[PDB]
Structures are given as structure tokens and as C-alpha cells.
Amino acid sequence: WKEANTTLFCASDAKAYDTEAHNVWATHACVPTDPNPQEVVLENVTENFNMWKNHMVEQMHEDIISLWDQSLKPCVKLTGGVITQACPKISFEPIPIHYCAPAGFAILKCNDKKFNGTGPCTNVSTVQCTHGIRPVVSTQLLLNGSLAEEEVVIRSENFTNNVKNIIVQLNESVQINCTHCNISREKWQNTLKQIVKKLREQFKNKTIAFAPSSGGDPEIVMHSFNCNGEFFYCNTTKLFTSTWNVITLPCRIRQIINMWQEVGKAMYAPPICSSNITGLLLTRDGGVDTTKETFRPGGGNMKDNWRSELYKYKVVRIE
Amino acid sequence: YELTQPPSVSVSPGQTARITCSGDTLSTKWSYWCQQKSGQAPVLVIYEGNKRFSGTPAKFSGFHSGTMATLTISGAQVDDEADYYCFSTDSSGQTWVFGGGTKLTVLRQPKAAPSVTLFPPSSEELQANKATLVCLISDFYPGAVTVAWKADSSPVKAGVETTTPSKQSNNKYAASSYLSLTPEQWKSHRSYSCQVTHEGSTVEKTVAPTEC
Amino acid sequence: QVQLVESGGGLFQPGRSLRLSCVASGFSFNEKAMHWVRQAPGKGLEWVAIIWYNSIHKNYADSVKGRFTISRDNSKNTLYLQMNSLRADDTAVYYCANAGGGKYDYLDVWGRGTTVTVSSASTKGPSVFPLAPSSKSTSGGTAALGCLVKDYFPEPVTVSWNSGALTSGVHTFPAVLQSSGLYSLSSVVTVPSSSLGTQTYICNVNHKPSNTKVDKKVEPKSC
Ligand SMILES: *[C@@H]1O[C@H](CO)[C@@H](O[C@@H]2O[C@H](CO)[C@@H](O[C@@H]3O[C@H](CO[C@H]4O[C@H](CO[C@H]5O[C@H](CO)[C@@H](O)[C@H](O)[C@@H]5O)[C@@H](O)[C@H](O[C@H]5O[C@H](CO)[C@@H](O)[C@H](O)[C@@H]5O)[C@@H]4O)[C@@H](O)[C@H](O[C@H]4O[C@H](CO)[C@@H](O)[C@H](O)[C@@H]4O)[C@@H]3O)[C@H](O)[C@H]2NC(C)=O)[C@H](O)[C@H]1NC(C)=O
Ligand SMILES: *[C@@H]1O[C@H](CO)[C@@H](O[C@@H]2O[C@H](CO)[C@@H](O[C@@H]3O[C@H](CO[C@H]4O[C@H](CO)[C@@H](O)[C@H](O)[C@@H]4O)[C@@H](O)[C@H](O)[C@@H]3O)[C@H](O)[C@H]2NC(C)=O)[C@H](O)[C@H]1NC(C)=O
Ligand SMILES: *[C@@H]1O[C@H](CO)[C@@H](O[C@@H]2O[C@H](CO)[C@@H](O)[C@H](O)[C@H]2NC(C)=O)[C@H](O)[C@H]1NC(C)=O
Ligand SMILES: *[C@@H]1O[C@H](CO)[C@@H](O[C@@H]2O[C@H](CO)[C@@H](O)[C@H](O)[C@H]2NC(C)=O)[C@H](O)[C@H]1NC(C)=O
Ligand SMILES: *[C@@H]1O[C@H](CO)[C@@H](O)[C@H](O)[C@H]1NC(C)=O
Ligand SMILES: *[C@@H]1O[C@H](CO)[C@@H](O)[C@H](O)[C@H]1NC(C)=O
Ligand SMILES: *[C@@H]1O[C@H](CO)[C@@H](O)[C@H](O)[C@H]1NC(C)=O
Ligand SMILES: *[C@@H]1O[C@H](CO)[C@@H](O)[C@H](O)[C@H]1NC(C)=O
Ligand SMILES: *[C@@H]1O[C@H](CO)[C@@H](O)[C@H](O)[C@H]1NC(C)=O
Ligand SMILES: *[C@@H]1O[C@H](CO)[C@@H](O)[C@H](O)[C@H]1NC(C)=O
């Protein structure tokens, strides 16, 4: 079969009366969760998955856009024009979301342990819905996601292309606290060791190195995320200071931000979060280093955030 | 910082030509070779030391080791004659720099060693409140050299204006270089030296203000 | 197939400013970094600038720092290089090359650059000086003398010896373009070491643009 682009329907576990935002929107845009979506599995079959070429990423992106624009109302927007708007302080709390396929179609799910994101997959299964996914609009670090069951996995449509970003799913979940931020230094060091293991297994044993990113807008240079509806910006220089072969990160809150929704800058009003680290976005610096190879944090593209969740799923048509 | 490579490489047809490239930054940085033919834009030949971009002639090999990257050309031919450049970056990796350029040329006549003559400032010029040392190089083949000026035993680069090797009437090559100075500078130092590197040999000529 | 063309080159009197463009085609322009390189007439290549695919970073040579500003535009697949204060030495061919990647990577494909010429267009007569023989200037049974034409514009000058009566052993060199913006030339002849104090040697120079002719007798030094 060939996958087809259709309009999936999101299935949430949300509640209407509750004040929270994602619940309010998901109430009228999504549906309740099926108690169980029959996981019809197939053994002696394989199919070609390309996480970097999946319409589900696009649709999810448009849904999150519709949520932000419909729910979280920025004070002011500058996108080649001007607009004045109210700024109600909202309750922002990502909840698990499913994406189910209508009748006549199904969702092929790659259940192979290690999968480099692209190429055919064995042990394929068929489902009507998707696992619990939380639309986390984070950068640099992926939060409240789904970590890889076994070991670590790194993915990129092309490792030898330094512009193309690199997605990472960890062996374990790392606790990060914010309110400034804190994080166990040791567990972080360990996860770094594992990443060095995979990377070294990727680039002919060349010595691996970590270092913070250079230049870019305050959104990209710093770990930007949301907390109760307020935009947090954190300095992750303490997490990238060593080279291989507890930590407290300072943060600010300036409402002048560059909308990920569109190439423009929107602002909010002054004000009036503990999570997991389930993935990492990185970029490689090619350069000319004979042995050293430096990887720095980056992001800014949310389709990369969704692809970290929708890499094994893909639509399909049937009778 | 600096990438130093020979100025000229004479080759009788068929022999295996070899060009070098020395720089302290080559210890931790790759070397990238380049070729430019007469009146044509330069072209990549070898990147990241050994690696080659097929399909270019396999006779181009790259041996990067230590602080020296060697571009080897198996079986040089009349077509291969050209100006090659090794380029890299500085210790930081932020800036790019080229070598001095190496002139690969087929031997059409015997190799001529350059004769050098350094003329110090004249009396009339000084009385005009100007000084210039004139280094003149003649009767060398192939036609490509390097010129390094020195005040006392220290290299000087400000005020040096050099030509490109031209052709004499006798089918050999001749070049010139000029070091522009003020009379004070000419009266302060003990002696200035013009240095000329032509393949295999470096000749140096010295002058002093005390001498005539 | 890759294609890079450059534009903006021409003749400009010093002190002016300029903008050079470089259109590209045949590769993912949006995913590559670009280098500007420079090469004076018959001289070695000299790196000028680099800029990233996203443009967040960009670096210039210490030579042109503070005057050159590199730009780009992916929506048009165009590279830019602005030169505020034009110096004489900025005269050179300006090549526009692509990068292996998009962040500080080697120069892969080159597009035939564009010639930039900087000239004051201001006539000036030469100043001849004498280059007399000395001990070292004597190569055994023969010695060498000459004259030095200095600070003239615009080339070329002719130079003979004894009104063209001397033609054996005489040889003239090419001119340089000094930083001052003018040209300096040097002429020389080799003669027997004996005739230094017996025969006279006069260096004849003709700078027709200024309508000047300079005769300069080369005398040995008092020592
Ligand atoms: C991950 O990303 C990296 C890059 O980011 C990628 O690696 C690159 O992949 C692309 C293709 O996907 C490569 O680009 C192609 O390279 C082809 C070969 O180019 C070489 O050969 C050319 C001529 O060869 C002829 O002659 C020889 C005889 O000796 C013969 O063997 C050959 O068969 C052939 O007949 C030569 O012109 C070319 O040199 C030019 O291009 C390079 C590019 O950098 C440049 O450096 C040179 O200065 C010069 O301009 C080179 O030597 C090439 O054929 C191909 O051409 C396209 O256009 C023509 C139009 O006629 C089409 O016919 C053709 O199908 C292509 O569309 C194209 O340029 C690139 O070289 C790779 N770079 C590498 C490996 O370093 C990885 O693949 C990605 N990995 C993934 C996705 O897994
Ligand atoms: C990833 O998931 C995490 C878990 O949801 C996110 O952290 C949570 O984010 C919400 C904001 O929507 C926080 O909600 C706040 O909680 C505090 C404290 O609760 C107080 O009230 C209860 C009453 O039962 C009491 O028991 C407690 O002791 C507290 O006194 C409130 O003050 C706020 O009003 C608000 O309700 C969660 O607290 C927070 N979970 C924590 C801290 O464990 C995280 O933000 C997500 N990551 C993202 C978005 O990047
Ligand atoms: C992801 O897996 C696919 C598997 O097809 C890789 O494609 C090829 O994998 C084989 C390994 O047996 C290699 O020999 C080939 O060289 C691969 N082909 C190419 C064009 O690379 C694919 O490369 C993998 N992608 C990443 C980013 O690792
Ligand atoms: C970050 O937050 C987590 C809780 O979200 C903290 O985990 C606690 O670890 C201690 C172990 O000493 C347990 O006793 C607590 O029960 C844990 N908290 C909870 C809610 O279970 C973690 O210690 C915090 N780390 C930092 C640096 O503040
Ligand atoms: C096909 O599936 C069966 C299980 O029904 C399994 O035993 C077999 O190994 C698979 N492969 C074959 C028959 O080639
Ligand atoms: C349909 O989906 C594929 C990949 O999922 C994508 O390449 C293509 O652009 C999509 N076409 C439309 C009209 O959305
Ligand atoms: C296929 O994936 C499932 C996990 O969903 C697992 O239970 C099953 O053992 C796998 N089949 C294999 C490895 O043959
Ligand atoms: C983080 O991971 C643990 C298990 O790995 C899970 O129990 C917990 O719910 C996760 N935290 C959040 C906010 O999802
Ligand atoms: C991930 O955790 C498992 C523990 O079951 C371990 O076996 C594996 O080696 C870890 N992956 C690494 C170190 O890359
Ligand atoms: C983060 O910390 C480093 C410490 O040197 C600093 O250079 C950098 O500017 C900081 N980034 C900010 C404030 O965005």
C-alpha cells in the first residue's frame, strides 16, 4: 500500500469544565480516548518509513498553531503590520494527545527496537490511533516526550549535512526543575556519555566534543519554553563545558519573543515547572578539525519537535 | 597563521611531481588543495588531506601528516602545469588562509639559478626625503620565486612592492622587488637584506647605510 | 550543475564605495555557506570573507575589516559584498565561491570573478633616480647599473640607454602599483667592469602621457 494524506482526528483525554487551555481547545477540536485501540500486528511484513516526509507532522503543526492562536492570545503582534490585543493570563499545560485515522484508513506503526528514522522497518503493526503525545513547544531540549525504550537513538535525514538538525532520544529520563533552573549534574553527565557512545559509533571514532551554540535570536541561543502560560528563557552553558573521547541554569523572562508560528515578533504582558528531558536537538560543526568534532545545541523548528514523536507512525489506505 | 609552500616545481614530463605545505595549524586542521590554470578560475583537487572527489584524476594524491601536507602528482604531463594553492584555517577555525602558490611547469629549457642584485638608496633620493631599496632578480628558470625582505635579521612586510616574473629577451625570467622606507629607518638599522627563493636554493643580498 | 556569476566590478576613483553581487544556481543555495576571495593581477589568491547559510555568522580577513560588509539573500540566491572606502590595493579580481557545507567549510566551486579597478586618474610626471655600481654589484669581470623611474601615472614609460645606442645586456622590468596609487619602474644594463670610469652611461626615459622625457646620467659612487 501507499500512504495517503488525509485529515486525521485527534483523540484527547481532556475535560471541558477544567479551566486549562489545551483542555478547552481539545474539548471542541478533539474527542475522548478509545478505552483501547486494537493493535492489529503483522510479523512477516515490512514497509518504508521516512519521518522527514510525513504529512502527520504538517497536520500536527497546524493543529498546534490553531491551539496557540485560538487559545493563548499574545498582547501585540508585529508581522509586517501592527495589532493591539488583550492579554489574559492563561493556564498552559500540555496533555497527552492522540491522532487517530478515520475509517477506511489505518496507521502503520514501526515496532522495531532500533530504527534510524528512515528506511524500511520490520515487525510492523497496524493501529487506529497514536500513543500519548504532549505538544511541547520547547527548544534545544525535548520535554514531556516519549524516551526510547532501549539505549539511545540518534536520527537525521543526513548526518554528513551539518545544516540538517539531529534528533536524539535518550536511554533514561532526566529530571529538570525550574521556577532559574536545577538539574542533577551526574545523570546529565551519564546521558552525555551515552550520546558520545552513539556518535563515536557514527563518525569513525573521531573524538566527540560538546559546546554551547553561537549567535542567533534569544529564542535559539537559550532554552525557551512555556510555564503556566509564561515564556521562560534559560542559559544552557553549564550543560556543555566538557569534551569526551548539581547544575543550576540561570533564566530570564522577557515577553518580547519571535513567534514560532510565523516570521515575526509578538509580545505579551509581565507575569503576575518540573519536567523530563526525553530528547535533544543538536547541530554538528563541520569545520576542518582533524580529530575533534563539535556538536552544539539548536532548534527553532517545531516540525523537528513533532517528528521526535511521529517517526514510527504513517498513514495508510485499505479496503 | 601562515602556510609556506615552495614557489616553483620544475618537472620533466612523466616524472612524479610533489608539492608541500607547512603550517603549525596543520597539526589540528585539515589541508585543502586547489588548482588554477592560466586565465581560468581555480578548481578543487583534494580536500581534507587524503580524500578525493571522484571523478578527478587519481594521479592527484594527498598525504597529510604532522605539519606537512603533500600534494603528489603521478606522471606529470604538459596539461598539469598550473598554479596550485594549499588553503586551510588558523588555530581558531574562523578565518581561512591560502598558501603562497606553487607553479608547476614542464621543463622546456635548462633550470637557471637566479642572480640577485640589491641596490641601496641613492643620494639624490635621500636628499628628496625618500628611500627605496631595489632588489633585482634575473636569469632564472622556471619563472617563479619568493621575495622576503629583512631589516637586520627580522622579516619586514610593510612597504614591499614586488612584480611578477616576466620574460627576458633571452627566453629566461626576470623579476624585481622594491622596499620603500624613510631616511630615518635607513639610518637606524645596521643592514637590510633581500631574500630570493628559487627552487632548491635561497640567495640573500645585504646592504648597509654605512657602506657606499 | 553549479553556476556562479559575479557582478559590480568596474573602475572607481579611490574613496568611493561599491557593491558586488554573485548569483548562484545548480545547488541548494539555502543550505551552503559562501566565501569571497580576491586575487590581484598575477598575484596569489587572498581570502576576503565568509558567510553562513543562515547568515547568523560571517567573518572578514583582517585586511579589509571595517570596510567590507558581506551580505546574502536566499530568496534570490544572491551573495553580496559591499566595499565602503576603496583603496588602490583593492584593485583585483573578486571571485565568489561556495562552501562544502554551511558553517565554516572549505571552498568547493569557484565562479569566475569580476575585475575591480581602483585608480586616481591623475597624471603625474616621473622622478628618475640613479642606481650606480658597487663592489657586490660586480659579478666578476662584469658589473650592473641602472635607473629607477618613480611615481608616475598613467603607464607606460619607455626607457633606453645612450639614446638607444646601448642594447646589449640591457633589460627592463615590469612596473609595480605601489600603495600610493602610482607606478614605479626600474631599468638595468650590465657592462664590463673596466668601462665603469671611462665610458658615460645616460638613462633615457619617456613618459608621453605627461609629455616628459628624463635623461639621467648614472655615475659611480665616490668610494
Ligand atoms: C548527504 O549530503 C551530502 C551532501 O550534502 C551528499 O553527498 C553529495 O551527494 C550529491 C548527490 O546527492 C553529490 O552531487 C552529485 O555528484 C555527482 C558526481 O559529481 C562528481 O563527478 C562529476 C563528473 O563525473 C563524471 O566524470 C567521471 C570520470 O572520471 C565519471 O566517473 C562520472 O561517472 C561522471 O561521468 C563532476 O562534475 C563533479 O565535480 C563537480 O561537482 C562537485 C560538487 O561538489 C564540485 O566539487 C566540483 O567543483 C564540480 O563542480 C564531481 O567530481 C554529480 O554527477 C551530480 O551531478 C548532478 O547534475 C547532473 C546534471 O547533468 C545530473 O546528471 C546528476 O544526476 C546530478 O543531478 C551531483 O553533482 C555530491 O557530489 C555528494 N558530495 C559528497 C559525497 O561529498 C550525500 O549523498 C547525502 N547522503 C545521503 C542522503 O545519504
Ligand atoms: C511537563 O509536564 C509537567 C507536569 O505537568 C509540567 O509541570 C507542571 O506545570 C503546571 C502548570 O500548568 C504546574 O501547575 C502549577 O502547580 C502549582 C503548585 O501546585 C499547588 O497546588 C496543589 C493543590 O493540589 C498543591 O498540592 C501543591 O502543593 C501546590 O501548592 C500551582 O501553584 C500553579 O497554580 C499551577 O497549578 C505544575 O505544578 C507543574 N508540575 C510540577 C511543578 O510538578 C511542565 O510544565 C511540563 N513541561 C513544559 C510545559 O515544558
Ligand atoms: C538509515 O538506514 C538506511 C538503510 O537503508 C541507510 O541506507 C543505507 O544503509 C546501508 C547499510 O546496510 C548502507 O550500506 C548504505 O550506504 C546506506 N545508503 C545510503 C545512501 O547511505 C541510511 O543511510 C541510514 N540513514 C542514516 C541517516 O543513518
Ligand atoms: C527536581 O524535582 C524532582 C521532583 O520532581 C526531585 O526529585 C526528588 O528526589 C528526592 C530524592 O532525594 C526524592 O526524595 C523526592 O521524592 C523527589 N521528588 C518527588 C516529587 O518525588 C529532584 O530532587 C529535584 N532536583 C533538584 C536539583 O532540585
Ligand atoms: C512467517 O510467519 C511465521 C509465523 O506465522 C514464522 O514462523 C515464520 O518464521 C515467518 N517466516 C517465514 C515462513 O519465512
Ligand atoms: C502528501 O504527503 C507527502 C509525504 O507525506 C508529501 O511529500 C506531499 O507533499 C503531500 N502532498 C500534499 C498535497 O499534501
Ligand atoms: C514487535 O514489537 C512488539 C512490541 O510492540 C513486541 O512485543 C514484539 O516482540 C516484536 N516482535 C518481534 C521482535 O519479532
Ligand atoms: C517522566 O518520566 C517518568 C517515567 O519515566 C514518568 O512517570 C513521568 O510521568 C514523566 N514526567 C512527566 C511530566 O511526564
Ligand atoms: C541503556 O540502558 C541499558 C540498561 O538495560 C544498557 O544495557 C545499555 O547499555 C544502555 N545504553 C548505552 C550505554 O548506550
Ligand atoms: C549565557 O552565559 C554565557 C556565559 O559566558 C554568556 O556568554 C552568554 O551571553 C549567556 N547568554 C545569554 C544571557 O543569553
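As deposited, the entry is annotated with X-ray crystallography as its determination method and 3.2092 Å as its resolution.

Remarks on the overall build of chain A
Secondary structure summary: chain A contains five helices and 24 strands in total. For 319 residues, the compact-globule estimate of 2.2 N^0.38 gives 20 Å, and the C-alpha radius of gyration of chain A, at 20 Å, lies within 12% of that figure. Along the three orthogonal principal directions, the C-alpha set of chain A runs to about 55 × 55 × 35 Å. Of all 319 residues assigned to chain A, the portion counted as buried reaches 50%. Element-wise, carbon and sulfur atoms account for 51% of the exposed surface of chain A, whose accessible area totals about 16,100 Å². Seen as two clouds, the 32 positive and the 31 negative side-chain charges of chain A have centres 7 Å apart.

Regarding the site of ligand 1
Surrounding ligand 1, one finds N158(A), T160(A), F53(B), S54(B), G55(B), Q1(C), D108(C) and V109(C). Neighbouring residues of ligand 1 are not confined to one chain but are distributed across chains A, B and C. Here an oxygen atom of ligand 1 sits 3.0 Å away from a polar atom, N or O, in the main chain of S54(B). Between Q1(C) and ligand 1, the recorded distance is 3.0 Å, taken from a side-chain N or O atom to an oxygen atom. Contact with the protein chains removes 31% of the 1,400 Å² of surface that ligand 1 exposes when unbound. The class makeup of the residues in the shell around ligand 1 is two nonpolar, five polar and one charged.

Remarks on the side chain of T117(B)
Following the sequence through the fold, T117(B) ends up in strand β10 (residues 115-119). Residue contacts for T117(B): discarding those within four places in its chain leaves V134(B), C135(B), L136(B) and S137(C).

Considerations on the nonpolar core
Residue and element names in this part refer to chain A. In terms of nonpolar packing, the biggest core is built from 34 residues, with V168, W188, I195, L239, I277 and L280 touching the most fellow members. Looking at this core, the element that brings in the most residues is helix α3 (residues 185-202), giving five residues. If sequence neighbours within four positions are ignored, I277 has contacts with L141, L142, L143, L170, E172, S173, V174, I176, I183 and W188. Counting residues in each nonpolar core, the second largest holds 32 residues, with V57, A101, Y233 and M302 among its members.

Quick notes on the rules
Residues numbered from 1 in each chain as written, not as in the entry; some residues may be left out. Chains lettered and ligands numbered in written order. Heavy atoms only, no water. Helix = DSSP H or I, 4+ residues; strand = E, 2+ residues; numbered from the N terminus. Rg over C-alpha atoms; globule rule 2.2 N^0.38 Å. Buried < 20%, exposed > 50% of the residue type's maximum accessible area, 1.4 Å probe, protein only. Areas by Shrake-Rupley, 256 points an atom, 1.4 Å probe, with all protein chains shown as cover. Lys, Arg positive; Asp, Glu negative; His and termini not counted. Charge placed at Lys NZ, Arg CZ, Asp CG, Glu CD. Near = heavy atom within 4 Å. Polar contact = N/O pair within 3.5 Å; in protein donor to acceptor, adjacent residues only side chain to side chain. Nonpolar A, V, L, I, M, F, W, Y, C, P; charged D, E, K, R; others polar. Contact = heavy atoms within 4.5 Å. Core = buried A, V, L, I, M, F, W, Y, C linked by side-chain atoms within 4.5 Å.

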